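Novice: Below is a structure I'd like to ask you about.
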Amino acid sequence: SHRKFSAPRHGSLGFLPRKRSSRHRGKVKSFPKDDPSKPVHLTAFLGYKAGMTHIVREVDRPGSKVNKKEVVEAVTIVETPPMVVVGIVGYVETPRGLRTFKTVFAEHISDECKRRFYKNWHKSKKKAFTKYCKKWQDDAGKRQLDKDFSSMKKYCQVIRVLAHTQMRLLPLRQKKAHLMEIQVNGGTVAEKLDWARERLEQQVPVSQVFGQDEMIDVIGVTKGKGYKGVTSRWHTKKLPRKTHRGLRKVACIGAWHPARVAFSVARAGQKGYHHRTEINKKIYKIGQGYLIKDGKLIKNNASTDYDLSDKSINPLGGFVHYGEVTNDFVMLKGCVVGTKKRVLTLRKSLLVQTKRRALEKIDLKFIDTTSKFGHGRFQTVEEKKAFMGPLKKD
Amino acid sequence: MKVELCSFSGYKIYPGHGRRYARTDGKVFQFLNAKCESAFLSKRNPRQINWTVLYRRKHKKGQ
Amino acid sequence: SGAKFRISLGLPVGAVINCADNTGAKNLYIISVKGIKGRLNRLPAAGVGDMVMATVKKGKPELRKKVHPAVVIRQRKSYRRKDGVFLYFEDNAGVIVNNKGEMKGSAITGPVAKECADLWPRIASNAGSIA
RNA sequence: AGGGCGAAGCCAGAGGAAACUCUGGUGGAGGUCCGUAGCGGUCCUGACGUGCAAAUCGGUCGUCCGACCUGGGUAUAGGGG
RNA sequence: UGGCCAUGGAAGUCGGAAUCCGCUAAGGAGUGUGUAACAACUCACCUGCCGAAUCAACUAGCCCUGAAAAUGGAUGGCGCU
RNA sequence: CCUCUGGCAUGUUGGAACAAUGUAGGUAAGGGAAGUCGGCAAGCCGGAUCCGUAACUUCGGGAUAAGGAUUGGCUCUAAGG
RNA sequence: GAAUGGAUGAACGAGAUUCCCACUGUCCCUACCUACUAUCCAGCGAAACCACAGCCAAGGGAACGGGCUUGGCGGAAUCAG
RNA sequence: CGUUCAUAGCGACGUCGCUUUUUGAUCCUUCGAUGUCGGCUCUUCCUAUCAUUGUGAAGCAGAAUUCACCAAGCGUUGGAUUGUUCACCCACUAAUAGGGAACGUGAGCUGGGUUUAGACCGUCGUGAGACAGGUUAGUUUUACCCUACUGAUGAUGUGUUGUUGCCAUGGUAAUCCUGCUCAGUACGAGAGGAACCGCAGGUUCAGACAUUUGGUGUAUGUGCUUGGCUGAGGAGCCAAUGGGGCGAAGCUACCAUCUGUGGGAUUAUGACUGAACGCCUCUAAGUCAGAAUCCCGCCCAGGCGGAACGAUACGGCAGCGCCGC
RNA sequence: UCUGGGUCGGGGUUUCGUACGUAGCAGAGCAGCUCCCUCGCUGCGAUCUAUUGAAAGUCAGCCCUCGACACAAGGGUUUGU
Ligand SMILES: [Mg+2]
Ligand SMILES: [Mg+2]
Ligand SMILES: [Mg+2]
Ligand SMILES: [Mg+2]
Ligand SMILES: [Mg+2]
Ligand SMILES: [Mg+2]
Ligand SMILES: [Mg+2]
Ligand SMILES: [Mg+2]
Ligand SMILES: [Mg+2]
Ligand SMILES: [Mg+2]
Ligand SMILES: [Mg+2]
Ligand SMILES: [Mg+2]
Ligand SMILES: [Mg+2]
Ligand SMILES: [Mg+2]
Ligand SMILES: [Mg+2]
Ligand SMILES: [Mg+2]
Ligand SMILES: [Mg+2]
Ligand SMILES: [Mg+2]
Ligand SMILES: [Mg+2]
Ligand SMILES: [Mg+2]
Ligand SMILES: [Mg+2]
Ligand SMILES: [Mg+2]
Ligand SMILES: [Mg+2]
Ligand SMILES: [Mg+2]
Ligand SMILES: [Mg+2]
Ligand SMILES: [Mg+2]
Ligand SMILES: [Mg+2]
Ligand SMILES: [Mg+2]
Ligand SMILES: [Mg+2]
Ligand SMILES: [Mg+2]
Ligand SMILES: [Mg+2]
Ligand SMILES: [Mg+2]
Ligand SMILES: [Mg+2]
Ligand SMILES: [Mg+2]
Ligand SMILES: [Mg+2]
């Protein structure tokens, strides 16, 4: 018989094999369509989820009840120290797909990057790209290099730069810097390639990719939760108290007579550590890192035009389970995928953004900087020292 | 962003945090956190409780 | 013009919020919440500012033994305002009302939540304190 | 075990013209109540269900001075007890 | 020619018995529209133009409509004009 | 419930982890039986002292009816041989 | 329907119902914690069951096939569920 | 019948069908047993479409509407009584459409009901006993095998190894509503009373997350407190987590917060040019618009499928890469 | 050898709510002795004040140290165009 009282089914099939993702670094499954017209640029970046916090802002959507009313708002800090371009890699269209065609690597490559290429660095002699870099200083090699670049000019269509992180500049344990292919979207391929050939071995900061009040897509791996039962992993009803063989289950897997259990039926398995591409996360603040002209410039982070203090986005006692954000960072609206410390791919949108909400200009009023390691009540240490007065530790 | 003061302890309450109580007499209280609010609801006279501002004013601490 | 925003709604069907207008009713047994499509097994729930059908369980015998519309005015479940302040109210409470939003009483004892005030003007007019 | 209720009888005081009646005690009745050991075995339709167990376990329960519980001895044997 | 029956109004026109003559080139005592009822409109006979076939009613062949079921599916399959 | 006398080595094993399902315990915002055949299960209540105690009644009961208040520590007082 | 007993009825009931107050994760709606498991390891080590075996759709067929026909298809050895 | 008018909507007397969500026939299968109702829970299909998209119809002025077409994408709820299926009532709603899957689903539960044994009542029986007549009490076993599904190591290949990648094939997702505005406007004698574009939000669903609010809390963190025990103080411990305040981190909740997208082919339909048929016709050759559909996109997984690039065993015995013969 | 990661220490953060000791003319009262002084002195005495936002914990999965201490090319199995 039919099921009596209808109800929409639990969980989406558009997300499954609900298995542990192969990758850790979230792949960009599609870069935006390079119109050939606008100038060249990078489409993606690779940051790190340092931590959350508040903002306060005046909102300007006329019509709303909240028009010209200061709301608060959660935000993620994605610490994003500049990447280093160490390669380009040409692709060519085929009817089979999109074959990689030619990879030209830079001359010098950091041990940050070289780390990646060995499973055990302690034990290696660190001999990678050793016979490669010989090419970059002779007649023969330099000529072959030029012919490779020329061939890419003749044949290739898509060009991706290879860059990698500056694992050096982070509070993370790891030294093995994440590489990633990032796509150069812009003018003609010959122009496109000579841009990336100029950028080779060079820094690239965040502000060169992204701008403020820009919708971007966060790509990463979800905070993993191990083996989980069907009630956790699918949010199935619990069965009642009296159930004899347990109650965090599904009762009827399936009907008798497709005499197999279907792929659509809810089973217990891996919950979390899935790959996920959340879209439309507006950049409220691209924040300038600590720098030196005479003394430190720690202010330039979490100070606003209306606050004017001497904060950084770092709260008291740091971001928890992370560190100090001593580098440039972006500040997205809302939560994003994954854990603290997780490497996170940003990506420019796939989508022509023209909604009132997606063109809204964000002027921040106040960044909360109170500790997250307990219930914080002081924004800065100087404020605390004022409020408390002197302590026995003096 | 009018920073308010905790009706128990005395600390300031920054926009994000804490909770707002609206008693039927028709007067309102702000609590920094639950710790304050619990002492308030259990009727603890904050001048008796050391860590509050009201106590330390009463006992002339600092200065 | 400007619409409501959702708020943590802590009156499922089965609550007896106290009538806070001068009718003569004391309680308001919420038998249903107006404008709820709802899902299997799920109780219809009315926060503050929500319309509601309401049997009176104790009070005058004119009102008893029939259904009236009503509005929830305070509620003990702490909702979050858009300015990031949570707020709760000490008591759940409402007012008997007609289809078109007018009160059938005349004066509201206690404070009304401004989520309810802005959305219900005739309630707001008879409300002494707001928020 | 330990508690509760407090029946007859008894004392004093007060009233009553008498009949006798009230008030305060004392007294300690009962297949009386709570409740241990004991005896039992309600519900969880709990645990267990190739068990610890060919009927057990846990909590929760009924009863707990009486048609009470219980050892040993002794009587009744198969269309019979 | 408000023809007759029918008045509730049918002078062609809810219905029904009738149902012919004149002028005629020719128009039914009327196919309908519509009217309380008319009116007004609409539906032969003949021309003017154009330039050889035209049109009706049956009938039977293929094809199509008629033709709605639950795991995904079976001219055996692939396919086939 | 904790202790001495006396007695044991955790009831036929150890180690490392701390997933899902369980078995046995707990806690939960707002609502309060909307759950379910059914308040099943758990929760409320609980001791004592002081008040206060209904209908009904076989006048014995009902009755711990219900419903209330108090309770610690310390320093004293008075009363009982 | 009147000792195949009728009508009653205080007290009593692990007896059968219904409502109210209280109380609660029964539920809205699920969540977190603890212990013993389950898990991995050393040692030890059973049983039921067993024609052969073990991916499907449809067909026909003793009228619901793992095996047959026609199609889809098929990749060692395993772990927790 | 529908004032008039067979066919907007209907439809007698007759007639032709489909359907197996009714009940009968029947007895082919199973009696060395295929667990016998309902509810819960979960998935999937069908359409005979209640709503939602796109449209033709009216006895469609508007509003409300019934009739029909494409169409099953997405929905279709909360309760009172009843073991119920069914039924009815209240309430909300956009709508509270209908079914199938061994009348889906008991090694998934439950066991209220049927349907053993204990008992009561009525009627029947001389009686033992009977009763699709009522009542109450009554044991719901096993998975460690194979498959299927879920996740988890691996597998053959590529000389070995690592890299960054492509993408065959699978899956797939968004939903509907309110308010404001249009506007008391069109339309209508009035009564009443729309719509497109905007704007603001919300339902249900999905995917995350913990800044904040809440929950948990054996950090056994820090107080407080009962009974006991170290002669006491101090410091502690025991009472299967002694109890209780508050509680970091961490999990976690529409109980907190964030995000949810674009094309193509066309269907129904309405059209163009235009014969057939000197006219006329959406059609016959030819052309246009066209959708909750379908296919892709995004999104998830990634093939006994490929890719470019790196490094390729100094040695103490080594072993190999090219080249030519 | 971007000299490193680790243990201990130190900051920061944070949880709780002000440790022990000592002092006090604080302290309801009581006592002993006397100078029977009742602010006599000395003792008992919950609690109170001060020292003291004190004490204590704070990665084990919080943040910074570059202070102290050691320890850091080591082992085993592999694989060939
Ligand atoms: Mg259905
Ligand atoms: Mg059971
Ligand atoms: Mg925190
Ligand atoms: Mg339900
Ligand atoms: Mg049992
Ligand atoms: Mg078992
Ligand atoms: Mg044993
Ligand atoms: Mg033990
Ligand atoms: Mg042992
Ligand atoms: Mg033993
Ligand atoms: Mg609760
Ligand atoms: Mg129900
Ligand atoms: Mg119910
Ligand atoms: Mg019970
Ligand atoms: Mg009683
Ligand atoms: Mg009789
Ligand atoms: Mg007689
Ligand atoms: Mg009889
Ligand atoms: Mg078989
Ligand atoms: Mg007629
Ligand atoms: Mg049959
Ligand atoms: Mg079977
Ligand atoms: Mg159809
Ligand atoms: Mg069945
Ligand atoms: Mg089954
Ligand atoms: Mg069973
Ligand atoms: Mg039964
Ligand atoms: Mg029986
Ligand atoms: Mg096992
Ligand atoms: Mg002590
Ligand atoms: Mg014990
Ligand atoms: Mg057409
Ligand atoms: Mg077209
Ligand atoms: Mg189109
Ligand atoms: Mg695809």
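We place every Cβ from the backbone using ideal geometry, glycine too, and count neighbours over all the protein chains shown. The numbers here are math on the coordinates, done by the rules we state, and not lab data.
Novice: Take the residue pairs A:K123/A:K225; A:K68/C:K37; A:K69/B:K12; A:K102/A:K348; A:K125/A:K225 and return only those whose Cα atoms are more than 27 Å apart.
Specialist: Violating the 27 Å Cα-Cα cut-off are A:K123/A:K225; A:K68/C:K37; A:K125/A:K225.
Novice: As an exercise, find the ratio Rg/Rh for segment A:129-288 from alpha-carbon atoms, using the Kirkwood inverse-distance average for Rh.
Specialist: Taking Rg over the Kirkwood Rh, I get 1.18.
Novice: Compute the normalised compactness of segment A:1-55: alpha-carbon radius of gyration over 2.2 N^0.38 Å, N being the residue count. The partial results should precede the final answer.
Specialist: Working: Rg = 20.5 Å, N = 55, 2.2 N^0.38 = 10.1 Å.
Expressed relative to 2.2 N^0.38 Å, the Cα Rg reads 2.03.
Novice: Which one of A:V206, A:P315, A:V40 is farthest out on the positive end of the charge dipole of chain A, using unit charges on Cβ (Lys, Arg +1; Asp, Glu -1) and the Cα centre as origin?
Specialist: The one lying farthest along the dipole's positive direction is A:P315.
Novice: Three principal axis extents, largest first, for the C-alpha atoms of segment A:160-221, in Å?
Specialist: 41, 30, 21
Novice: If the only charges are +1 at each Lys and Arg Cβ and -1 at each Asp and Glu Cβ, what is the size of the charge dipole of segment A:12-88 around the Cα centre, to the nearest 20 debye?
Specialist: The calculated dipole for segment A:12-88 is roughly 540 debye.
Novice: Send over the per residue convex hull volume for segment A:347-392, Cα only, as a whole number of Å³.
Specialist: 159
Novice: Just want the answer: with Cβ charges of +1 for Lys and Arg and -1 for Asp and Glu, which residue in A:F31, A:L145, A:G11 is farthest toward the dipole's positive end in chain A?
Specialist: Looking along the dipole axis, the top candidate is A:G11.
Novice: Using 0.36 nm per residue of separation minus the Cα-Cα distance, give me the extension gain between A:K242 and A:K27 in nm, one decimal.
Specialist: Details: separation 215, 0.36 × 215 = 77.40 nm, distance 4.62 nm.
Contour length minus Cα-Cα distance gives 72.8 nm.
Novice: Quick check for me: using +1 on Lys/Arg Cβ and -1 on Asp/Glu Cβ, what's the dipole size of chain B about its Cα centre, in debye to the nearest 20?
Specialist: 300
Novice: Another question, if that's okay. Tell me which trypsin sites (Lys or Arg not before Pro) from segment A:40-95 have a DSSP coil assignment and no more than 15 other beta carbons within 10 Å of their own.
Specialist: When the trypsin sites (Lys or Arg not before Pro) of segment A:40-95 are filtered for loop state and at most 15 Cβ neighbours within 10 Å, A:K65, A:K68, A:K69 remain.
Novice: If I model a spin label as a point 7 Å beyond the Cα along the Cα-Cβ vector, how far apart are those points for A:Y227 and A:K355 in nm?
Specialist: Taking the two extended label points, one gets 4.1 nm.
Novice: Would you work out the Kirkwood radius for the protein assembly as shown? I mean one over the mean of 1/r across all pairs of different Cα atoms, in Å. Show your work: numbers first, answer last.
Specialist: On the way: mean 1/r = 0.0345 Å⁻¹.
Value: 29.0 Å, from the Cα pair sum.
Novice: Report the Cα-based extents of segment A:1-92 along its three principal axes, largest first, to the nearest Å.
Specialist: 61, 48, 34
Novice: Taking H as built 1.01 Å from N, whose amide H comes closer than 5 Å to the amide H of C:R80, not counting residues under 5 places away?
Specialist: For C:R80, whose amide H was placed from the backbone, the distant partners under 5 Å are C:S8.
Novice: Where in segment A:369-394 does the label zone of B:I49 land, with the point 7 angstrom along Cα→C-beta and an amide N cut-off under 18 Å?
Specialist: The answer is A:375-378, whose backbone nitrogens lie closer than 18 Å to the label point.
Novice: Okay, next question. Could you give the dipole magnitude of the protein assembly as shown about its Cα centre, charging the beta-carbon of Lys and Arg +1 and that of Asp and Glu -1, in debye to the nearest 20?
Specialist: Dipole of the protein assembly as shown, to the nearest 20 debye: 3420 debye.
Novice: Let me ask something else about it. Report the local net charge at A:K238: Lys and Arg +1, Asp and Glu -1, summed over other residues whose C-beta lies under 11 Å from its C-beta.
Specialist: Value of the local net charge: +4.
Novice: Comparing A:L344, A:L162, A:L291, which has the greatest mean-square fluctuation in the GNM of chain A with Cα pairs linked when under 10 Å apart?
Specialist: Fluctuation is largest for A:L291.
Novice: Okay, moving on. So for chain C, Kirkwood radius off the Cα pairs, Stokes-Einstein at 20 °C and 1.002 mPa s: how many µm² s⁻¹?
Specialist: Once the numbers are plugged in, D ends up at 148 µm²/s.
Novice: Determine the calculated [θ] at 222 nm for chain A from helices alone, applying -39500 (n - 2.57) to every DSSP H run no shorter than 4 residues and normalising by the residue count; nearest 500 deg cm²/dmol.
Specialist: The helix contribution divided over chain A gives -3500 deg cm²/dmol.
Novice: Another question about this same structure. Within segment A:240-348, which chymotrypsin sites (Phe, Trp or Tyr not before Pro) sit in a loop by DSSP and count at most 10 neighbouring Cβ atoms inside 10 Å? Write out the running numbers ahead of the final one.
Specialist: On the way: sites: A:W256, A:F263, A:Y273, A:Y284, A:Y290, A:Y306, A:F319, A:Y322, A:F329; in loops: A:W256, A:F263, A:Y273, A:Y290, A:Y306, A:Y322.
Qualifying residues, ordered by number: A:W256, A:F263.
Novice: With a 10 Å radius around each residue's Cβ, average the other Cβ atoms per peptide and rank C:99-105, C:81-87, C:15-21, highest first.
Specialist: Highest-to-lowest ranking by the protection proxy: C:15-21, C:81-87, C:99-105.
Novice: When chain A is treated as a GNM, springs tying every alpha-carbon pair under 10 Å, which of A:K293, A:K311, A:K125 comes out with the largest mean-square fluctuation?
Specialist: A:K293
Novice: Using only atoms on other chains, find how many Cβ atoms lie within 10 Å of each Cβ of peptide B:27-37 and report the average.
Specialist: 2
Novice: Regarding chain B, what's the average projected area of the Cα-atom convex hull, expressed in nm²?
Specialist: Dividing the Cα hull surface by four gives the mean projection, 5.0 nm².
Novice: Picking from C:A70, C:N22, C:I130, whose Cα lies most toward the positive end of the charge dipole for chain C (charges on Cβ: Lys, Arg +1; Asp, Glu -1)?
Specialist: C:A70
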